[PDB]
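Shown next: input.cif, containing mmCIF, C-alpha atoms.
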```cif
data_model
loop_
_atom_site.group_PDB
_atom_site.id
_atom_site.type_symbol
_atom_site.label_atom_id
_atom_site.label_comp_id
_atom_site.auth_asym_id
_atom_site.auth_seq_id
_atom_site.Cartn_x
_atom_site.Cartn_y
_atom_site.Cartn_z
ATOM 1 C CA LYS A 1704 16.917 14.937 -24.331
ATOM 2 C CA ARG A 1705 13.672 15.320 -22.391
ATOM 3 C CA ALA A 1706 12.596 18.166 -24.669
ATOM 4 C CA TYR A 1707 13.527 16.208 -27.793
ATOM 5 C CA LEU A 1708 11.543 13.179 -26.635
ATOM 6 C CA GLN A 1709 8.574 15.376 -25.751
ATOM 7 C CA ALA A 1710 8.684 16.809 -29.269
ATOM 8 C CA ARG A 1711 8.975 13.380 -30.904
ATOM 9 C CA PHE A 1712 6.137 11.773 -28.909
ATOM 10 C CA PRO A 1713 3.375 14.225 -27.938
ATOM 11 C CA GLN A 1714 1.580 11.502 -25.970
ATOM 12 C CA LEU A 1715 4.257 11.606 -23.271
ATOM 13 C CA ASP A 1716 3.311 13.857 -20.360
ATOM 14 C CA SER A 1717 5.485 15.790 -17.933
ATOM 15 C CA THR A 1718 4.942 12.947 -15.438
ATOM 16 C CA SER A 1719 6.377 10.244 -17.728
ATOM 17 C CA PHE A 1720 10.017 11.360 -17.392
ATOM 18 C CA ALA A 1721 12.590 10.684 -14.682
ATOM 19 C CA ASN A 1722 16.352 11.036 -14.217
ATOM 20 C CA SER A 1723 18.531 8.259 -15.616
ATOM 21 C CA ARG A 1724 21.763 9.193 -13.801
ATOM 22 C CA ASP A 1725 20.652 8.260 -10.270
ATOM 23 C CA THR A 1726 18.270 5.989 -8.371
ATOM 24 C CA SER A 1727 15.691 8.768 -8.024
ATOM 25 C CA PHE A 1728 13.552 7.317 -10.820
ATOM 26 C CA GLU A 1729 12.424 4.518 -8.502
ATOM 27 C CA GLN A 1730 10.558 6.898 -6.200
ATOM 28 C CA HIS A 1731 9.039 8.707 -9.175
ATOM 29 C CA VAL A 1732 7.763 5.503 -10.781
ATOM 30 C CA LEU A 1733 6.418 4.129 -7.509
ATOM 31 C CA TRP A 1734 4.656 7.393 -6.672
ATOM 32 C CA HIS A 1735 3.019 7.952 -10.047
ATOM 33 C CA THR A 1736 1.915 4.296 -10.180
ATOM 34 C CA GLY A 1737 0.406 4.372 -6.696
ATOM 35 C CA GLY A 1738 2.954 1.908 -5.356
ATOM 36 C CA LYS A 1739 1.832 -0.926 -7.627
ATOM 37 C CA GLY A 1740 4.833 -0.662 -9.940
ATOM 38 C CA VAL A 1741 5.217 -1.317 -13.639
ATOM 39 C CA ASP A 1742 4.639 -4.420 -15.767
ATOM 40 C CA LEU A 1743 7.494 -4.440 -18.300
ATOM 41 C CA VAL A 1744 10.956 -3.080 -17.491
ATOM 42 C CA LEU A 1745 13.231 -2.804 -20.537
ATOM 43 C CA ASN A 1746 16.367 -2.310 -18.466
ATOM 44 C CA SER A 1747 19.664 -1.254 -20.014
ATOM 45 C CA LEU A 1748 21.519 0.262 -17.034
ATOM 46 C CA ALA A 1749 23.998 -1.513 -14.759
ATOM 47 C CA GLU A 1750 25.052 -2.088 -11.149
ATOM 48 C CA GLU A 1751 22.957 -0.326 -8.498
ATOM 49 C CA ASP B 1077 9.247 14.176 13.333
ATOM 50 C CA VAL B 1078 8.708 10.860 11.547
ATOM 51 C CA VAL B 1079 7.004 10.106 8.236
ATOM 52 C CA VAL B 1080 6.167 6.653 6.859
ATOM 53 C CA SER B 1081 5.454 6.181 3.147
ATOM 54 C CA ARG B 1082 4.101 2.701 2.474
ATOM 55 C CA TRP B 1083 3.965 3.509 -1.244
ATOM 56 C CA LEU B 1084 7.737 4.026 -1.427
ATOM 57 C CA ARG B 1085 8.518 1.580 1.413
ATOM 58 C CA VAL B 1086 10.601 4.233 3.148
ATOM 59 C CA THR B 1087 10.561 5.486 6.740
ATOM 60 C CA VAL B 1088 12.296 8.792 7.473
ATOM 61 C CA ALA B 1089 12.729 10.674 10.737
ATOM 62 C CA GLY B 1090 15.505 12.852 12.074
ATOM 63 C CA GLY B 1091 18.782 11.858 10.471
ATOM 64 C CA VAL B 1092 17.787 8.254 9.768
ATOM 65 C CA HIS B 1093 16.287 6.835 6.582
ATOM 66 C CA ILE B 1094 15.078 3.219 6.484
ATOM 67 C CA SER B 1095 14.051 1.779 3.120
ATOM 68 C CA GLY B 1096 12.918 -1.658 2.038
ATOM 69 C CA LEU B 1097 12.141 -2.967 5.513
ATOM 70 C CA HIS B 1098 10.737 -6.503 5.362
ATOM 71 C CA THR B 1099 9.015 -8.047 8.386
ATOM 72 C CA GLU B 1100 8.137 -11.731 8.706
ATOM 73 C CA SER B 1101 5.462 -13.175 10.974
ATOM 74 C CA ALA B 1102 6.734 -14.776 14.159
ATOM 75 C CA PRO B 1103 5.124 -17.951 15.535
ATOM 76 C CA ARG B 1104 3.681 -15.815 18.360
ATOM 77 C CA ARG B 1105 3.415 -19.028 20.398
ATOM 78 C CA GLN B 1106 4.359 -18.526 24.047
ATOM 79 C CA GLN B 1107 4.594 -21.345 26.558
ATOM 80 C CA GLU B 1108 3.129 -21.302 30.065
ATOM 81 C CA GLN B 1109 0.198 -19.162 28.964
ATOM 82 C CA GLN B 1110 -2.272 -18.121 31.639
ATOM 83 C CA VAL B 1111 -4.771 -20.810 32.636
ATOM 84 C CA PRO B 1112 -8.003 -19.191 33.876
ATOM 85 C CA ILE B 1113 -10.193 -20.849 36.483
ATOM 86 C CA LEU B 1114 -13.638 -21.507 35.010
ATOM 87 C CA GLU B 1115 -16.640 -21.839 37.315
ATOM 88 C CA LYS B 1116 -20.427 -21.737 37.147
ATOM 89 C CA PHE B 1117 -22.445 -19.678 39.630
ATOM 90 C CA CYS B 1118 -25.276 -22.084 40.424
ATOM 91 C CA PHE B 1119 -28.011 -22.119 43.039
ATOM 92 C CA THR B 1120 -27.686 -24.849 45.654
ATOM 93 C CA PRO B 1121 -30.382 -25.980 48.115
ATOM 94 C CA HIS B 1122 -29.223 -26.532 51.674
ATOM 95 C CA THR B 1123 -30.776 -30.020 51.811
ATOM 96 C CA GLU B 1124 -30.794 -32.549 48.969
ATOM 97 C CA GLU B 1125 -31.525 -36.236 48.447
#
```
Please go through the file and, once you have read it, give me the structure as structure tokens.
Amino acid sequence: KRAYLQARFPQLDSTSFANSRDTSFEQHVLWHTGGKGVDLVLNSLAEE
Amino acid sequence: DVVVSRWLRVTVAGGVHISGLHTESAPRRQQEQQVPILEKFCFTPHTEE
């Protein structure tokens, strides 16, 4: 899926992807945003 | 060895891993605080009127 998305949208970089099956994406987002965080969060997951 | 990452709000050392610690200011007001003795070192003539 990562490869397919990269093909569809060239703008996306290797640093704009995370893992959706665990809470590891939080650390990735915080790190690459310098700890400020994001503005809009179109959430579709559940529970934790 | 301990490492603190303010960006990720995580503190890790040994086999412990603290995340999302939130600290709130205490009043920091203590009773019976020390009361210093204040004096002035002044010249004083032996005889005065």
For chain A, report every residue with an atom at most 7 Å from chain B (counting only C-alpha atoms), formatted as a ChimeraX atom specification.
/A:1730,1733-1734,1737-1738
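Interatomic distance, CA of residue 1727 in chain A against CA of residue 1707 in chain A: 21.2 Å.
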Contact residues around residue 1706 in chain A with all atoms listed in the file at 12 Å, ignoring same-chain residues under 2 positions, as a PyMOL selection string:
chain A and resi 1704+1708-1713+1715-1717+1720
Adding 4 Å on each side of the box along x, y and z that holds all listed atoms of range 1715-1732 of chain A, could you give its centre and edge lengths in Å to one decimal, as JSON?
```
{"center_x": 12.5, "center_y": 10.2, "center_z": -14.7, "size_x": 26.5, "size_y": 19.3, "size_z": 25.1}
```
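Between CA of residue 1744 in chain A and CA of residue 1097 in chain B lies a distance of 23.0 Å.
On the file presented, the PyMOL selection byres ((chain B and resi 1090) around 8) picks out residues 1077, 1078, 1088, 1089, 1091 and 1092 of chain B.
Coordinates place CA of residue 1723 in chain A at a distance of 13.2 Å from CA of residue 1745 in chain A.
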